[PDB]
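Residue numbers (my numbering), protein chains in the order written: chain A, 1 to 24; chain B, 1 to 199; chain C, 1 to 273; chain D, 1 to 273; chain E, 1 to 55; chain F, 1 to 229; chain G, 1 to 229.
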């Protein structure tokens, strides 16, 4: 159950948001 | 090579608009920042169209043309005092779509094309970005009528990362600022259409 | 004398030679008296006007579609509007009819590229008059009621009068050097099986549907004399451009739908009445 | 006529040709129309700045380690001390992090040789001042408190001031022409199996641990002005020398530890939501 | 074109080549990257005072 | 507007546009069909793949492969009603035994049959084999090689062979009925064994009498997802 | 200090530093996996070895070899996100039977699958085999030779094929999802039989788009004695 990321850290296109710097 | 085949009609340049320097958002570096931390990151051209410098005349041709090839140049200007010290690294990752979360460390940055900024000397750095993409063109804009099968406006990623943390003296400033500037060295546009607002 | 033969070499044995290829080498044994004798094409041979390649067949003009243009059709109105994809005519319904030569032959390949040519024949007389605008629209499509969106693309305006025909090369403007076919590479369904999501999930590939459209809009409303017809038919022909390309042989998307009967043993299978 | 063929030769049949080798001959059959047709690299080809060999990747500078140097650090004190072995970073603990290019690529080979280059970048300003001594120590190692032992080896003293960087070639001085890798040639353990002596006894080989060390000691104590920081970080970069050599391909000692997910069937395996 | 290959010859298949012999021909496959690469005796080689034959 | 530049040669030099090149790559006819020694042999009518061998849902079950009609070269042959020259048949026997399997060529005799058949409805053919009657024959020895490729000549009275008819099962003038083939290829075993058969055009081969594209149907769209789910 | 003299050429002239030479030596993918004739065939996605095929302790069991990720060439491909040209697949059938096993090439259709699959979820494929649909195919006859080496072309729309993604199981834009392969290689038997599969780069092959080394882990030290007991 990891088929898409949570909405807090994502840009519509179901990828890591450019705003969310803490991903690293 | 692929340009003449991919587009039956000729491609166009608008050097007066696109090949000028344009500043983007300011970057804050603090003493709290650790090595490998992202200070900023940019998915290009997307982020230079619809987030940073949205009213720039550099963005005007992207309204009408659907495709293009893009070679960029990015200057970085730092302003820390002589009693501070630290190292920042800026690097580029070509065709980064769904591969931003891997090979994304300081070590990967040192391997890929990059520039190094000392925060005390305030040396300027200029990284050159060629067009290295798995297709002939990159798409400029999404649209309601357009397909969602191809994610547009991203052929590369730029990372600004801490190499060595910012340090300061007793009763010194706990932060300092860096300003990026961008320009297209070679922006060829293809596939004319009706003008639309950017994102 | 009977001296020993010391010559030798390592070999890799294969059952067939040049089995996958259309050209090169062959190990075929002739069922003839003379093993190197071949068929003579001295008198009886292929005629010079016959097509030699699939691209030659694609260069034949074929009637794709038709539409009507009347005096009631107000300015800016879409007379014609289609996704011009040589892979498939429809994405959302079955096709049955006389497909064009270039579409038939393109159905044999997984990839296509290069410009596509159109020709609009107006079935009219000298007393018919009007103007239309042909437009090639890529990536982003126009609204039906917004003529201005169509005008901003690659267009050709035709003044209908004494001349009753106009040619139009549709440019190839895409993000890739070639486009993959929207039809399937392989389809084992033969008996019109009722499809489900599991069948689609276990398909050969994913259909990359084209958003590239060709449209024809009214510029000046058709104003014929009272003595002639108020509405005319327009025939839309299509063929591959001079630099049309095809690659990647696959299962044919189209197959005969009329007068299909499999062969039987003649005369064993009840031919003797 | 049908005359007999008396020509013959003895042969040794093999199933594959050039199966172990990276170059030479191949008996590969092309899945093409033309059996001798190949991919075109006329327009799309490898960029000239890209590395062509493993040695080219080893010539890229990579940040190995970091250490702090303060005004409290008395003379003779070890600021830095490590066994410089490109095979393994540690012999007595697990590693996890961003390994340098030359270490990553050396992990693919059973043997290495030639000098190793280091670069010490002092993250400081003009108001920082001091002196350190870099030393390459072979066979016999020095005591932590005995600076004189380090001084008797191959050394380079650097006066920190306006210049904030120093290069150091570590000589190759060993009893053998090449050194074998301290990592394993083959390791079938995949599920973090709890090791015993019987497992170690039935290993692929024996780890020939290096005693060659690079150290950095204080010569003159760091004496910065009161207005600036009293402690600075020093970045230690590493790469292979110009005559760095690698040989004997093996199982990679390093493997990705972040965002590792195996592939599944798309779209059969629950992609359709 | 795909013309037929009419060339052929009779052969006697053997499992090994030059198995009994100390010299001549060999069908040995090198366990190397380069299949024709060999050991270098440029620096390290047999000393001249060493015996070359049983005699 | 500009004609642009061709994509031919950009990806690779392996051009697949030539009609002859398309017809020269093989088509499976029979997939694991039985040979029975009680019969004369398994007959293969010498003709290229076309609409003549097309399966239609509902009709009687044949030994032929169902997707012959949907192959590129079958689609090409549906455009040309004339063909002249040799065909090449790749036959694979599913065995490793030392029994010889004979492949006999019959020239144009005027009939058109396929599959296992008892010639003149006898119940014994080991004493009177078709391969030992005088006709040109070749043997397969599976222990050595289970496959073979044989090239059959254009031994017929006519200038061209007829590719197809409107109705393949119509009982019309008997001499004209047989002009769609140039002969037969007959496979005879010792004991019961299975085989597979491919066909392709020879090097000496031509097509002519272009008919243009027929009326066709497709339902490929229905068995695939789009790029937008 | 002196740069010295290189050791290259001292031991032997067999240089193993060239990236292309490393990628051209084979990697085992599948070790003794079953082919079943109830399915269309065993699919092999045309892509080089990389982190995409890496095993992680705990995850679901696949048919892939576990140590693909730890091979030299997999480690090399983790540095380059672009590749163009042909790959070579060595397939060995564990049999000595006379049954033909067909290997069919499928060009870039946009999907990405592996293992046994029923295409369009049917329950019969002997009458409609993938190898007799029109696509390029080659046969293995184990009685003659149980092994084969086939070279698959770069039949795709894209300039480069994408080597890897950050997450291989992420459901993103479907057209982009399939750009990590250039097609498929499908093995179809007559009867149930096992096979093994290797992969290597072709002669016509290039890599580009250097990404540098990723974050890695090792525990090799723990499973070995030192030279001092």
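No residue lacks a Cβ here, since even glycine has one placed at the ideal position from N, Cα and C.
Member of the options whose CA lies at the smallest distance from the CA of residue i
i	options	result
residue 75/F	11/F, 228/F, 220/F, 216/F	216/F
residue 62/B	136/B, 120/B, 168/B, 13/B	13/B
residue 132/G	141/F, 82/F, 26/F, 127/F	26/F
residue 176/G	272/C, 98/C, 17/C, 206/C	206/C
C-beta contact flag for residue i and residue j at 9 Å
i	j	result
residue 7/B	residue 198/B	no
residue 42/D	residue 10/F	yes
residue 91/G	residue 197/G	yes
residue 180/D	residue 208/D	yes
residue 172/C	residue 241/C	yes
residue 20/B	residue 57/B	yes
residue 120/C	residue 195/C	no
residue 48/B	residue 59/B	yes
residue 4/F	residue 139/C	no
residue 75/B	residue 9/B	no
residue 102/C	residue 52/C	no
residue 35/G	residue 207/G	no
residue 163/B	residue 89/B	yes
Residue i (DSSP reduced to helix, strand or coil)
i	result
residue 106/D	helix
residue 159/G	coil
residue 18/C	coil
residue 223/G	helix
residue 31/E	coil
residue 133/F	coil
residue 127/D	coil
residue 13/E	strand
residue 27/G	strand
residue 174/G	helix
residue 148/D	helix
residue 258/D	coil
residue 20/G	helix
residue 189/G	coil
Below-9 Å beta-carbon distance, residue i vs any chain F residue
i	result
residue 153/G	yes
Residue i at chain B interface by Cβ criterion, 9 Å
i	result
residue 34/F	no
residue 231/C	no
residue 209/C	yes
residue 82/G	yes
Residue-level contact to chain E via CB, residue i, 9 Å cutoff
i	result
residue 22/D	yes
With 16 other Cβ atoms within 10 Å as the buried cut-off, status of residue i
i	result
residue 128/D	buried
residue 110/F	exposed
residue 29/B	buried
residue 237/D	buried
residue 51/F	buried
Any non-hydrogen atom of the ligand ADP within 8 Å of residue i CB
i	result
residue 214/F	Ligands displayed in this structure: none; no statement on the ligand ADP is therefore possible.
is_contact[residue i, chain A] using C-beta, thresh 9 Å
i	result
residue 172/G	yes
residue 167/G	yes
residue 125/B	no
Interface flag, residue i vs chain C, CB-CB below 9 Å
i	result
residue 107/G	yes
Any chain D beta carbon closer than 9 Å to residue i
i	result
residue 52/E	no
is_contact[residue i, chain G] using C-beta, thresh 9 Å
i	result
residue 3/A	yes
- Of the residues that make up the stretch 155-169 of chain B, which ones have a beta carbon closer than 7 Å to any beta carbon in chain I? Protein chains in the displayed structure are A, B, C, D, E, F and G, and chain I is not among them.
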